[PDB]
Amino acid sequence: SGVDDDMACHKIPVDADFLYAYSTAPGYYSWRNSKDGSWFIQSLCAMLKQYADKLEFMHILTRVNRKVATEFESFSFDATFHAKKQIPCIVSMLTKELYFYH
Amino acid sequence: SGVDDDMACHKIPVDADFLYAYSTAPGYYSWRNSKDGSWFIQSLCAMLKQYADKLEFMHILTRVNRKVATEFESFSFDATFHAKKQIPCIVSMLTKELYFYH
Amino acid sequence: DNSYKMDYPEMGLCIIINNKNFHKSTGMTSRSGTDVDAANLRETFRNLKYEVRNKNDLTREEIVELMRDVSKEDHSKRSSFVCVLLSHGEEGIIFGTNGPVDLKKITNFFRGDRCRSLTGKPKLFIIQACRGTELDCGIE
Amino acid sequence: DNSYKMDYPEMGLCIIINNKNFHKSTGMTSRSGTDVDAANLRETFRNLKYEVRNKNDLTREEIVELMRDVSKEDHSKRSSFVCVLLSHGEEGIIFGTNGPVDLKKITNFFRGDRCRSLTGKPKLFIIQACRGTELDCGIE
Ligand SMILES: *CC(=O)[C@H](CC(=O)O)NC(=O)[C@@H]1C=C2CCCC[C@@H]2n2c(=O)n(C[C@H](CCC(=O)O)NC(=O)Cc3ccccc3)c(=O)n21
Ligand SMILES: *CC(=O)[C@H](CC(=O)O)NC(=O)[C@@H]1C=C2CCCC[C@@H]2n2c(=O)n(C[C@H](CCC(=O)O)NC(=O)Cc3ccccc3)c(=O)n21
């Protein structure tokens, strides 16, 4: 406080109000079914359909995280790429809650 | 679906259920007042005090984002480091909502 | 104001870059199933009242010019902005059909000081792409 | 289950690494005001019913051994885990008093497969440190 607050003229950071919804954790592969689409986009769309009229966006995205993490696993004849998992990654520099039904 | 879901044996990702509350955006400086502490920790503690019995953790952290972004600005005799701003960065790989009052 | 104002005349743009097919010179294999994702997204964001614009198989250069042009529109009557990137990727990088682009180049156009008609408004980047080559074997 | 179970006998540990003073060889200046942060955090997390453990001026090696030992405790009766890092930093890096440590080394101890008594439980890393040398001049 003192020198660093109660500014006469208000500014906001240039990176404020961005949200990144990443399909996977930093450094990791992300997975896609050739017929049904990617795990992440499938789950994102299904959770938006079910909850966009009911939940705040971060809470919708937390259910996407759980759906991808818990329900999906890779399948491959190559053992290297078989039985692999994925956790999506929410990066929020938002400053307020986001409700689509608003 | 089909090959990649309704697993007989359930697994979760090894990076699931982590949350990173970063003081600042990727690539950026983070700021600290020599007498009052860092902007981020000051704001984090104040928002936990006010809302930990009322809001889910991501919503508490979204108010920390707004408090840091809107209320704080650097002050320095060196023009290079003066009038600078900061947006904290929430990185959530959580799979559920977190309520401290639970 | 704990919530973003979402009652502007328009919810805003939803730009979907759907990259399925990649130049031989990159050695990147076709992204089968991405069209299913693109169609799901179009329908989902249409029901949220977004103005959806789908683009297919864009070069790194076309991605950059598209996002530049979109950032230079007047977004004054829009509540928000959404961009969905569907492609190959690595950490901090999305692939055009002909090679890598730095995500920062894309997102910087929309910074608070560079897209003034979106200042104060939520800018959402939804990214289906790899972020490296680590493998999660899971637990349990 | 939309919410983490938070009615285990203990809320869990809150580990605070408070690095104020750095070896001459690093050229890192003293972090005045960090003790105010450490005290605020101790009180705040005490009121949330966390078991708070404060540590001051740890070498890179002491940080690594501390987090290893903490990850090897039996967390079965705890709802969650919190670690707060207060130091100099750069992207992906936190400084011990005598030099940089990769954050990944710290966090990997708590992975779902490596700390089984915290599998399924929220692991929170709260980081006050720089993440590079970019400068936000803001807008408005
Ligand atoms: C790395 C990336 O940027 C892409 C992102 C994307 O295309 O959306 N990720 C992949 O390509 C992912 C990772 C790998 C590892 C390296 C080899 C390429 C491989 N790969 C891949 O072949 N697919 C598609 C296949 C589809 C086969 C099918 O549907 O039968 N999926 C798999 O190999 C594993 C799999 C995943 C989910 C369901 C079934 C199988 C990828 O998505 N990737
Ligand atoms: C880069 C880091 O890892 C640290 C993180 C931390 O210590 O919490 N960040 C800084 O050190 C930040 C950045 C810089 C840029 C390079 C020179 C060092 C500088 N710096 C710094 O000197 N402080 C402390 C001073 C305190 C002076 C005071 O209270 O009068 N703050 C400032 O220089 C600017 C300032 C910020 C808030 C309020 C008043 C002034 C930093 O925090 N940093």
# chains A, B, ... in the order shown; residues from 1 in each chain; ligands from 1

$ residues_near_ligand --ligand "ligand 2" --cutoff "6 Å" --atoms "only C-alpha atoms and all ligand atoms" --output "list in words"
residues 4 of chain A; 29, 30, 31, 32, 33, 34, 35, 74, 75 and 76 of chain B; 31, 87, 88, 89, 128, 129 and 130 of chain D

$ closest_atom_pairs --of "chain D" --to "chain A" --cutoff "12 Å" --atoms "only C-alpha atoms" --output "CSV"
residue,atom,partner,partner_atom,distance
D:1,CA,A:66,CA,10.4
D:2,CA,A:63,CA,7.9
D:3,CA,A:62,CA,10.3
D:4,CA,A:66,CA,11.7
D:92,CA,A:26,CA,10.9
D:104,CA,A:26,CA,10.6
D:112,CA,A:87,CA,11.9
D:120,CA,A:70,CA,11.0
D:134,CA,A:15,CA,11.4
D:135,CA,A:13,CA,9.8
D:136,CA,A:13,CA,6.1
D:137,CA,A:13,CA,7.1
D:138,CA,A:13,CA,4.2
D:139,CA,A:11,CA,5.0
D:140,CA,A:11,CA,4.6

$ closest_atom_pairs --of "chain A" --to "ligand 1" --cutoff "12 Å" --atoms "only C-alpha atoms and all ligand atoms" --output "JSON lines"
{"residue": "A:22", "atom": "CA", "partner": "ligand 1", "partner_atom_place_in_ligand_line": "5 (C)", "distance": 11.3}
{"residue": "A:23", "atom": "CA", "partner": "ligand 1", "partner_atom_place_in_ligand_line": "8 (O)", "distance": 8.8}
{"residue": "A:24", "atom": "CA", "partner": "ligand 1", "partner_atom_place_in_ligand_line": "5 (C)", "distance": 9.7}
{"residue": "A:27", "atom": "CA", "partner": "ligand 1", "partner_atom_place_in_ligand_line": "1 (C)", "distance": 10.5}
{"residue": "A:28", "atom": "CA", "partner": "ligand 1", "partner_atom_place_in_ligand_line": "1 (C)", "distance": 8.4}
{"residue": "A:29", "atom": "CA", "partner": "ligand 1", "partner_atom_place_in_ligand_line": "1 (C)", "distance": 5.3}
{"residue": "A:30", "atom": "CA", "partner": "ligand 1", "partner_atom_place_in_ligand_line": "9 (N)", "distance": 4.9}
{"residue": "A:31", "atom": "CA", "partner": "ligand 1", "partner_atom_place_in_ligand_line": "42 (O)", "distance": 3.9}
{"residue": "A:32", "atom": "CA", "partner": "ligand 1", "partner_atom_place_in_ligand_line": "42 (O)", "distance": 3.5}
{"residue": "A:33", "atom": "CA", "partner": "ligand 1", "partner_atom_place_in_ligand_line": "29 (O)", "distance": 3.7}
{"residue": "A:34", "atom": "CA", "partner": "ligand 1", "partner_atom_place_in_ligand_line": "29 (O)", "distance": 3.5}
{"residue": "A:35", "atom": "CA", "partner": "ligand 1", "partner_atom_place_in_ligand_line": "29 (O)", "distance": 5.9}
{"residue": "A:36", "atom": "CA", "partner": "ligand 1", "partner_atom_place_in_ligand_line": "29 (O)", "distance": 7.8}
{"residue": "A:37", "atom": "CA", "partner": "ligand 1", "partner_atom_place_in_ligand_line": "29 (O)", "distance": 8.2}
{"residue": "A:38", "atom": "CA", "partner": "ligand 1", "partner_atom_place_in_ligand_line": "8 (O)", "distance": 6.0}
{"residue": "A:39", "atom": "CA", "partner": "ligand 1", "partner_atom_place_in_ligand_line": "37 (C)", "distance": 7.2}
{"residue": "A:40", "atom": "CA", "partner": "ligand 1", "partner_atom_place_in_ligand_line": "8 (O)", "distance": 9.0}
{"residue": "A:41", "atom": "CA", "partner": "ligand 1", "partner_atom_place_in_ligand_line": "8 (O)", "distance": 9.5}
{"residue": "A:42", "atom": "CA", "partner": "ligand 1", "partner_atom_place_in_ligand_line": "37 (C)", "distance": 11.6}
{"residue": "A:68", "atom": "CA", "partner": "ligand 1", "partner_atom_place_in_ligand_line": "37 (C)", "distance": 11.0}
{"residue": "A:71", "atom": "CA", "partner": "ligand 1", "partner_atom_place_in_ligand_line": "37 (C)", "distance": 11.4}
{"residue": "A:72", "atom": "CA", "partner": "ligand 1", "partner_atom_place_in_ligand_line": "37 (C)", "distance": 7.7}
{"residue": "A:73", "atom": "CA", "partner": "ligand 1", "partner_atom_place_in_ligand_line": "37 (C)", "distance": 6.6}
{"residue": "A:74", "atom": "CA", "partner": "ligand 1", "partner_atom_place_in_ligand_line": "36 (C)", "distance": 4.2}
{"residue": "A:75", "atom": "CA", "partner": "ligand 1", "partner_atom_place_in_ligand_line": "40 (C)", "distance": 4.5}
{"residue": "A:76", "atom": "CA", "partner": "ligand 1", "partner_atom_place_in_ligand_line": "34 (C)", "distance": 5.8}
{"residue": "A:77", "atom": "CA", "partner": "ligand 1", "partner_atom_place_in_ligand_line": "33 (O)", "distance": 9.0}
{"residue": "A:78", "atom": "CA", "partner": "ligand 1", "partner_atom_place_in_ligand_line": "33 (O)", "distance": 8.6}
{"residue": "A:79", "atom": "CA", "partner": "ligand 1", "partner_atom_place_in_ligand_line": "34 (C)", "distance": 10.6}
{"residue": "A:80", "atom": "CA", "partner": "ligand 1", "partner_atom_place_in_ligand_line": "15 (C)", "distance": 8.9}
{"residue": "A:81", "atom": "CA", "partner": "ligand 1", "partner_atom_place_in_ligand_line": "34 (C)", "distance": 6.4}
{"residue": "A:82", "atom": "CA", "partner": "ligand 1", "partner_atom_place_in_ligand_line": "34 (C)", "distance": 6.9}
{"residue": "A:83", "atom": "CA", "partner": "ligand 1", "partner_atom_place_in_ligand_line": "34 (C)", "distance": 8.7}
{"residue": "A:84", "atom": "CA", "partner": "ligand 1", "partner_atom_place_in_ligand_line": "36 (C)", "distance": 8.1}
{"residue": "A:85", "atom": "CA", "partner": "ligand 1", "partner_atom_place_in_ligand_line": "36 (C)", "distance": 9.1}
{"residue": "A:86", "atom": "CA", "partner": "ligand 1", "partner_atom_place_in_ligand_line": "36 (C)", "distance": 10.1}

$ select_by_dssp --residues "segment 5-82 of chain B" --states "alpha helix (DSSP H)" --output "number ranges by chain"
B: 39-51, 57-71

$ write_last_selection --atoms "N, CA, C and O atoms" --output "compact mmCIF listing (two decimals), in the first residue's frame"
# COMPACT_ATOMS: atom_id res chain seq x y z
N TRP B 39 2.37 -8.32 -3.83
CA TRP B 39 0.98 -8.03 -4.19
C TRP B 39 0.11 -9.30 -4.11
O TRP B 39 -1.00 -9.28 -3.57
N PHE B 40 0.64 -10.37 -4.68
CA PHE B 40 -0.07 -11.66 -4.85
C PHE B 40 -0.41 -12.30 -3.53
O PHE B 40 -1.55 -12.69 -3.30
N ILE B 41 0.57 -12.42 -2.65
CA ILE B 41 0.35 -13.07 -1.35
C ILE B 41 -0.56 -12.23 -0.46
O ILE B 41 -1.44 -12.78 0.20
N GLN B 42 -0.37 -10.89 -0.47
CA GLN B 42 -1.30 -9.99 0.22
C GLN B 42 -2.74 -10.21 -0.21
O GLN B 42 -3.65 -10.29 0.61
N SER B 43 -2.95 -10.25 -1.53
CA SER B 43 -4.28 -10.36 -2.10
C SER B 43 -4.86 -11.75 -1.87
O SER B 43 -6.04 -11.89 -1.54
N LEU B 44 -4.04 -12.78 -2.04
CA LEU B 44 -4.44 -14.17 -1.78
C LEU B 44 -4.95 -14.35 -0.36
O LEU B 44 -6.06 -14.86 -0.15
N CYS B 45 -4.16 -13.90 0.62
CA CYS B 45 -4.56 -14.02 2.01
C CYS B 45 -5.83 -13.24 2.31
O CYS B 45 -6.72 -13.75 2.98
N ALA B 46 -5.92 -12.02 1.81
CA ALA B 46 -7.13 -11.21 2.05
C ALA B 46 -8.39 -11.87 1.43
O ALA B 46 -9.45 -11.87 2.05
N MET B 47 -8.28 -12.43 0.23
CA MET B 47 -9.43 -13.10 -0.40
C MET B 47 -9.78 -14.43 0.28
O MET B 47 -10.95 -14.79 0.37
N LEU B 48 -8.78 -15.15 0.78
CA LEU B 48 -9.08 -16.37 1.55
C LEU B 48 -9.83 -16.02 2.84
O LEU B 48 -10.86 -16.64 3.17
N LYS B 49 -9.35 -15.01 3.56
CA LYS B 49 -10.02 -14.53 4.76
C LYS B 49 -11.47 -14.17 4.52
O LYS B 49 -12.34 -14.54 5.30
N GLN B 50 -11.72 -13.42 3.45
CA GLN B 50 -13.07 -12.93 3.16
C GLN B 50 -14.01 -14.00 2.58
O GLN B 50 -15.20 -13.99 2.90
N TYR B 51 -13.48 -14.90 1.76
CA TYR B 51 -14.36 -15.80 0.97
C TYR B 51 -14.22 -17.31 1.18
O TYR B 51 -15.01 -18.07 0.61
N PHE B 57 -12.74 -22.53 -4.59
CA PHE B 57 -11.37 -22.02 -4.64
C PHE B 57 -10.99 -21.26 -5.92
O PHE B 57 -10.31 -20.23 -5.85
N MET B 58 -11.45 -21.73 -7.08
CA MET B 58 -11.15 -21.04 -8.34
C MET B 58 -11.78 -19.66 -8.38
O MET B 58 -11.24 -18.76 -8.99
N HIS B 59 -12.93 -19.51 -7.74
CA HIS B 59 -13.61 -18.23 -7.69
C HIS B 59 -12.90 -17.27 -6.74
O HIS B 59 -12.78 -16.06 -7.00
N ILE B 60 -12.39 -17.82 -5.63
CA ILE B 60 -11.56 -17.05 -4.73
C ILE B 60 -10.32 -16.56 -5.48
O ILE B 60 -9.97 -15.38 -5.38
N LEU B 61 -9.67 -17.45 -6.22
CA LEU B 61 -8.47 -17.11 -7.01
C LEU B 61 -8.73 -16.12 -8.16
O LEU B 61 -7.84 -15.36 -8.54
N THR B 62 -9.95 -16.14 -8.72
CA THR B 62 -10.34 -15.17 -9.75
C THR B 62 -10.46 -13.75 -9.17
O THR B 62 -10.15 -12.77 -9.84
N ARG B 63 -10.88 -13.64 -7.91
CA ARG B 63 -10.86 -12.35 -7.21
C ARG B 63 -9.43 -11.90 -6.87
O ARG B 63 -9.14 -10.71 -6.93
N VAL B 64 -8.55 -12.83 -6.52
CA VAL B 64 -7.12 -12.51 -6.37
C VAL B 64 -6.61 -11.92 -7.70
O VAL B 64 -6.01 -10.85 -7.70
N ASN B 65 -6.91 -12.57 -8.83
CA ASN B 65 -6.51 -12.05 -10.14
C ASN B 65 -6.95 -10.60 -10.33
O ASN B 65 -6.15 -9.76 -10.75
N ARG B 66 -8.22 -10.32 -10.03
CA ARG B 66 -8.76 -8.99 -10.21
C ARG B 66 -8.14 -7.96 -9.26
O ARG B 66 -7.91 -6.83 -9.65
N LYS B 67 -7.92 -8.36 -8.02
CA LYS B 67 -7.35 -7.47 -7.02
C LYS B 67 -5.94 -7.05 -7.43
O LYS B 67 -5.60 -5.86 -7.44
N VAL B 68 -5.12 -8.02 -7.80
CA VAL B 68 -3.74 -7.73 -8.23
C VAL B 68 -3.72 -6.88 -9.51
O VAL B 68 -3.02 -5.86 -9.58
N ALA B 69 -4.53 -7.28 -10.50
CA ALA B 69 -4.57 -6.61 -11.79
C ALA B 69 -5.03 -5.14 -11.70
O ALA B 69 -4.50 -4.28 -12.40
N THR B 70 -6.01 -4.87 -10.85
CA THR B 70 -6.70 -3.60 -10.85
C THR B 70 -6.18 -2.62 -9.80
O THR B 70 -6.18 -1.43 -10.04
N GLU B 71 -5.73 -3.12 -8.65
CA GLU B 71 -5.41 -2.25 -7.51
C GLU B 71 -3.95 -1.86 -7.38
O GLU B 71 -3.64 -0.89 -6.70

$ atom_distance --atom1 "atom CA of residue 55 of chain C" --atom2 "atom CA of residue 115 of chain C"
21.6 Å

$ select_by_dssp --residues "chain B" --states "strand (DSSP E)" --output "list in words"
residues 18, 19, 20, 21, 22, 32, 33, 37, 38, 89, 90, 91 and 92 of chain B

$ closest_residue --among "C:113, C:43, C:51, C:90" --to "chain D" --atoms "only C-alpha atoms"
C:113

$ residues_around --residues "residue 90 of chain A" --least-positions-apart "3" --cutoff "8 Å" --atoms "only C-alpha atoms" --output "MDAnalysis selection string"
(chainID A and resid 19:22 61) or (chainID B and resid 90:93)

$ write_last_selection --atoms "N, CA, C and O atoms" --output "JSON list (two decimals), in the first residue's frame"
[["chain", "number", "residue", "atom", "x", "y", "z"],
["A", 19, "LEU", "N", -8.07, -16.59, -21.12],
["A", 19, "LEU", "CA", -8.12, -17.93, -20.60],
["A", 19, "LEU", "C", -7.66, -18.88, -21.69],
["A", 19, "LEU", "O", -8.10, -18.77, -22.86],
["A", 20, "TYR", "N", -6.79, -19.81, -21.28],
["A", 20, "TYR", "CA", -6.33, -20.88, -22.15],
["A", 20, "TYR", "C", -6.87, -22.21, -21.65],
["A", 20, "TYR", "O", -6.60, -22.61, -20.51],
["A", 21, "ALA", "N", -7.65, -22.88, -22.48],
["A", 21, "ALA", "CA", -8.13, -24.20, -22.14],
["A", 21, "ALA", "C", -7.30, -25.18, -22.97],
["A", 21, "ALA", "O", -7.57, -25.39, -24.15],
["A", 22, "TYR", "N", -6.26, -25.73, -22.34],
["A", 22, "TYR", "CA", -5.38, -26.67, -23.00],
["A", 22, "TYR", "C", -5.94, -28.08, -22.84],
["A", 22, "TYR", "O", -6.47, -28.43, -21.78],
["A", 61, "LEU", "N", -15.30, -26.28, -16.97],
["A", 61, "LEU", "CA", -13.97, -26.78, -17.38],
["A", 61, "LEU", "C", -13.35, -27.79, -16.39],
["A", 61, "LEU", "O", -12.58, -28.66, -16.80],
["B", 90, "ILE", "N", -3.69, -18.69, -12.92],
["B", 90, "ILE", "CA", -4.21, -19.91, -12.30],
["B", 90, "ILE", "C", -4.05, -21.05, -13.28],
["B", 90, "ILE", "O", -4.59, -21.01, -14.38],
["B", 91, "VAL", "N", -3.31, -22.09, -12.88],
["B", 91, "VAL", "CA", -3.15, -23.26, -13.72],
["B", 91, "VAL", "C", -3.80, -24.44, -12.99],
["B", 91, "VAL", "O", -3.26, -24.95, -12.00],
["B", 92, "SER", "N", -4.97, -24.86, -13.45],
["B", 92, "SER", "CA", -5.71, -25.93, -12.76],
["B", 92, "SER", "C", -5.79, -27.22, -13.56],
["B", 92, "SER", "O", -6.36, -27.25, -14.67],
["B", 93, "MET", "N", -5.23, -28.27, -12.98],
["B", 93, "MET", "CA", -5.44, -29.63, -13.44],
["B", 93, "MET", "C", -6.22, -30.40, -12.39],
["B", 93, "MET", "O", -6.14, -31.63, -12.29]]

$ decode --residues "segment 55-66 of chain A" --atoms "N, CA, C and O atoms" --output "tab-separated table (two decimals), in the first residue's frame"
chain	number	residue	atom	x	y	z
A	55	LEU	N	-23.72	-23.57	-14.65
A	55	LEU	CA	-22.43	-23.40	-13.95
A	55	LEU	C	-21.57	-22.26	-14.53
A	55	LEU	O	-21.69	-21.90	-15.70
A	56	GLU	N	-20.69	-21.72	-13.70
A	56	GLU	CA	-19.66	-20.77	-14.13
A	56	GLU	C	-18.60	-21.53	-14.96
A	56	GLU	O	-18.38	-22.73	-14.75
A	57	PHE	N	-17.97	-20.84	-15.90
A	57	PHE	CA	-17.11	-21.49	-16.90
A	57	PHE	C	-15.97	-22.34	-16.34
A	57	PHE	O	-15.70	-23.43	-16.85
A	58	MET	N	-15.32	-21.89	-15.27
A	58	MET	CA	-14.23	-22.66	-14.66
A	58	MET	C	-14.74	-23.97	-14.08
A	58	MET	O	-14.03	-24.95	-14.06
A	59	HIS	N	-15.98	-23.97	-13.60
A	59	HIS	CA	-16.57	-25.17	-13.04
A	59	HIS	C	-16.96	-26.15	-14.15
A	59	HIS	O	-16.81	-27.37	-14.02
A	60	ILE	N	-17.44	-25.60	-15.27
A	60	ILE	CA	-17.68	-26.41	-16.46
A	60	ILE	C	-16.37	-27.06	-16.90
A	60	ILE	O	-16.35	-28.26	-17.18
A	61	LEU	N	-15.30	-26.28	-16.97
A	61	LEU	CA	-13.97	-26.78	-17.38
A	61	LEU	C	-13.35	-27.79	-16.39
A	61	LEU	O	-12.58	-28.66	-16.80
A	62	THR	N	-13.69	-27.67	-15.11
A	62	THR	CA	-13.25	-28.65	-14.10
A	62	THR	C	-13.92	-30.02	-14.31
A	62	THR	O	-13.31	-31.06	-14.07
A	63	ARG	N	-15.16	-30.02	-14.78
A	63	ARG	CA	-15.82	-31.27	-15.18
A	63	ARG	C	-15.22	-31.85	-16.47
A	63	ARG	O	-15.12	-33.06	-16.60
A	64	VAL	N	-14.84	-31.00	-17.42
A	64	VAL	CA	-14.09	-31.46	-18.60
A	64	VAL	C	-12.80	-32.16	-18.12
A	64	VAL	O	-12.54	-33.29	-18.53
A	65	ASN	N	-12.06	-31.54	-17.20
A	65	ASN	CA	-10.85	-32.17	-16.64
A	65	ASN	C	-11.13	-33.57	-16.11
A	65	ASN	O	-10.39	-34.50	-16.41
A	66	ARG	N	-12.20	-33.71	-15.32
A	66	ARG	CA	-12.54	-34.98	-14.71
A	66	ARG	C	-12.98	-36.01	-15.74
A	66	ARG	O	-12.65	-37.18	-15.62
